[PDB]
Structure formats: structure tokens, C-alpha cells
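# Coordinates in review
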Amino acid sequence: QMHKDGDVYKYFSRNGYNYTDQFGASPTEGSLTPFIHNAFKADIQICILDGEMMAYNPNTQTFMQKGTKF
DNA sequence: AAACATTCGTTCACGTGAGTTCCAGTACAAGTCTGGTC
């Protein structure tokens, strides 16, 4: 689950553990935020979202199911 | 005028429906143990 306020991002797991270190707390750093920051529309500054985090292979353009690996 | 049959209000036993308490079956939620990898 992702919390967004302006340029500030925060991520939480199923049981409540912080994961912002991995996914980035600002567009300058991270593994997802620098690329998803510009996806949001002009009028949206505060947001809470819930979803799944997955691994994507661009070569085959396919989701790699995280059975137990990668 | 006397004897026998019938009828009536009473009595007991037995059966059936509704209320109450107790326990078993069911459901759901949380806890505990386990598995696999990166």
C-alpha cells in the first residue's frame, strides 16, 4: 500500500512493515518511484493506493510469477 | 307390588400440545506449527 503527499511517498506491507527504503521515498531514489512519479494526473497530490508488487520481464513483456524466486 | 334394564353425573387412566432447561452440532476467528526461496 502506497501513501503519497506531494513529493513524499511511503510504502507499507501486509503486516505493516515499512518498505520505503526499497521502493523510494522521493523521485530522486528508489526502484519504482522515479518512474511512477509522473504517471499521476495534475490535480492529484494526496493519494492512498492498495495493490500488488510484481516482477516484470520486458524482453518477453510478461509478469514473472514470484513462486519463490527472483 | 317387586325385579330388571337404562341413564346420568362421577371417577380414573392414558394420550397429546406448549413452555422451560440443558447439551451437542455448527460457524467463525485467532493462535500455533510448518514450508519454500531470496
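Thresholds, definitions, all that
- Residues numbered from 1 in each chain as written, not as in the entry; some residues may be left out.
- Chains lettered and ligands numbered in written order.
- Part of a larger assembly, values for the part shown.
- Heavy atoms only, no water.
- Helix = DSSP H or I, 4+ residues; strand = E, 2+ residues; numbered from the N terminus.
- Near = heavy atom within 4 Å.
- Polar contact = N/O pair within 3.5 Å; in protein donor to acceptor, adjacent residues only side chain to side chain.
- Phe/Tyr/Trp six-rings, centres within 6.5 Å; stacked < 30°, edge-to-face > 60°.
- Buried < 20%, exposed > 50% of the residue type's maximum accessible area, 1.4 Å probe, protein only.

The deposited coordinates derive from cryo-EM, with the record listing a resolution of 3.1 Å.

Most peptide bonds take the trans configuration, and most residues that are not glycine carry a negative phi. In this model, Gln61 sits at a positive phi of 55°, which is unusual for a non-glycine residue. Relative to the assigned elements, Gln61 resides in the loop between β4 (55–57) and β5 (62–64). The phi angle at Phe70 is positive, at roughly 55°, despite the residue not being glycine. Assignment of secondary structure puts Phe70 in the segment after β5.

Attention now goes to the protein's contact with DNA strand B. Around DNA strand B, the structure places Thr68, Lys69 and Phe70. Protein-adjacent atoms of DNA strand B, using a 4 Å cutoff, are sugar or phosphate at a proportion of 100%. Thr68 has a polar backbone atom sitting 3.3 Å from a sugar or linking oxygen of DNA strand B. A distance of 3.4 Å is found between a phosphate oxygen of DNA strand B and a side-chain nitrogen or oxygen belonging to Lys69.

Summed over all chains, the structure comprises 3 aromatic pairs. When the ring of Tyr9 is compared with that of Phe40, the centres are 6.2 Å apart and the planes differ by 35°; the resulting orientation is tilted. Linking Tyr9 in strand β2 (residues 8–11) with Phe40 in the loop between α2 (33–36) and β3 (46–49), this pair joins segments that are 31 residues apart in sequence. Relative accessible area serves as the criterion here: at 1%, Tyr9 is assigned to the buried category. Of the residues examined, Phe40 reaches a relative accessible area of 23% and is grouped as partly exposed.

Along the polypeptide, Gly67 turns up in the segment after β5. Along the primary structure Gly67 and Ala25 are separated by 42 residues, whereas in three dimensions their C-alpha atoms are 27 Å apart.

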